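What follows is one chain in structure tokens, specifically the form deposited in one PDB entry.
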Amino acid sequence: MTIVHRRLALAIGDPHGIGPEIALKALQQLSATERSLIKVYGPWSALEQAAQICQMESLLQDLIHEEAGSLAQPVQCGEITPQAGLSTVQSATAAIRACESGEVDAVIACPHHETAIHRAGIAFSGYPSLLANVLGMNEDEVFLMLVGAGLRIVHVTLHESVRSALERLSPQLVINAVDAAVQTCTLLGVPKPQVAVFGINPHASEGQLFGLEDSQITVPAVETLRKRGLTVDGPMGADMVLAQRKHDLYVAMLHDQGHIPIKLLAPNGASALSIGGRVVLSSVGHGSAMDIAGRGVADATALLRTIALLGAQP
């Protein structure tokens, strides 16, 4: 029945795509108490436009809203414009800032459009980067946790070469990833998670038979984490520990380790959470669907599920 148990910022994404409309449909389906926990970031004009089209004007009065990504002309649904690109980023930036300040506890971004953003002259390569930039952090102090099919997997490294990732790995980097992911687990409604750390090398180096990295990196880090009072197994061969399927959070050393399981088991319904400082940002997992914008064919299921995920009860 009730899926929102905390304060959330909802950025409406590209004001020309389906974001505004699915934002309205999602809020519609919530109770009044739930609506008052969701603060919406975007141009009012886009939500007004969307509301006209969907015949949901009565909903706009009950909306907590902060203007962001104001446009200089009316909304043109379905058009890829530099303006809507700037809007998108301005909206997500204001949502993120509200999370950073403590006004909300997590962020959801509705679908952007990469081309719209590029044509505005703005570099954008994903939510992990955007979040890093906005919070004044290096991109490797923001981590991606994939969630799907009961698996939660945080990545100690991400979009770089295997060699570069290996060169970056340190006991402290693993610890930062776990800390950030454990906090995120609390949000997702698992206060005391059972954690498994993947091995850098096959079979977690098998002692030191298949490299020194694990004895230098994952083994010390696990020890420090146990000492701080966490329930951590490993390191263990990723293949082996995932198979057991008895942990609430897995810690993957490399992109592929985490991404393969998630995409294989949850190919149509996974959430990608960017975690940095106190900020948890998730997307909706789908594009802006320009050709159906304002055409009343998009439903809010994926958004609602994302809300359910970040909005779970302690």
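We call the rigid core the largest set of C-alpha positions that still match within 1.5 Å between the two forms. A residue's number is simply how far along the shown sequence it sits, counting from 1.
Which has higher Cα B-factors on average according to the PDB entry: 204-212 or 226-234? Result of the comparison: 226-234.
Would 290-298 or 19-27 have the larger average of its C-alpha temperature factors, as given in the entry? Taking the mean B-factor of the alpha carbons in each, 290-298 is higher.
Exercise. Return the residue from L144, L166, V104, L242 that has the highest Cα B-factor in the entry.
Key: In this record, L242 carries the highest C-alpha B-factor of the candidates.
Most elevated Cα B-factor in the entry, residues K192, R152, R97, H159 = Top of the list by C-alpha B-factor: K192.
Item to complete: Taking the chain's C-alpha temperature factors as the reference, tell me which third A312 falls into: lowest, middle or highest.
Response: According to the entry, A312 has a C-alpha B-factor in the chain's highest third.
Practice task
Among all modelled residues of this chain, ranked by Cα B factor, put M1 in the bottom, middle or top third, i.e. lowest, middle or highest.
Solution key: Highest third - that is where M1 ends up once the chain's C-alpha B-factors are sorted.
- Task: Using the B-factor values recorded in the entry, state whether the Cα atom of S58 falls in the lowest, middle or highest third among the modelled residues of its chain.
- Result: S58: CA B-factor falls in the highest third of its chain.
Quiz item: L249's Cα B-factor: lowest, middle or highest third of the chain?
Solution: For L249, whose C-alpha B-factor we compare with every modelled residue in the chain, the answer is the middle third.
Taking the chain's C-alpha temperature factors as the reference, tell me which third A68 falls into: lowest, middle or highest.
-> As the PDB entry reports it, the C-alpha B-factor of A68 lands in the lowest third of its chain.
The discussion below concerns the form deposited in another entry, not included here.
inquiry  = Which one moved? Candidates are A181, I217, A109, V75, criterion is a Cα shift of 2 Å or more between this form and the one not shown after superposing on the core.
reply    = Among the listed residues, the one whose C-alpha moves by 2 Å or more is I217.
Fitting the rigid core first, would the Cα of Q244 be found 2 Å or more away between this form and the one not shown? Comparing the forms between this form and the one not shown, which are aligned on their rigid core, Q244 does not shift its C-alpha by 2 Å or more.
Core-aligned C-alpha movement of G229 between this form and the one not shown reaching 2 Å: Moves: yes, 2 Å or greater.
Check your understanding: Would you say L169 moves between this form and the one not shown, meaning its CA shifts by 2 Å or more once the core is fitted?
Key -> Passes the 2 Å threshold, so yes.
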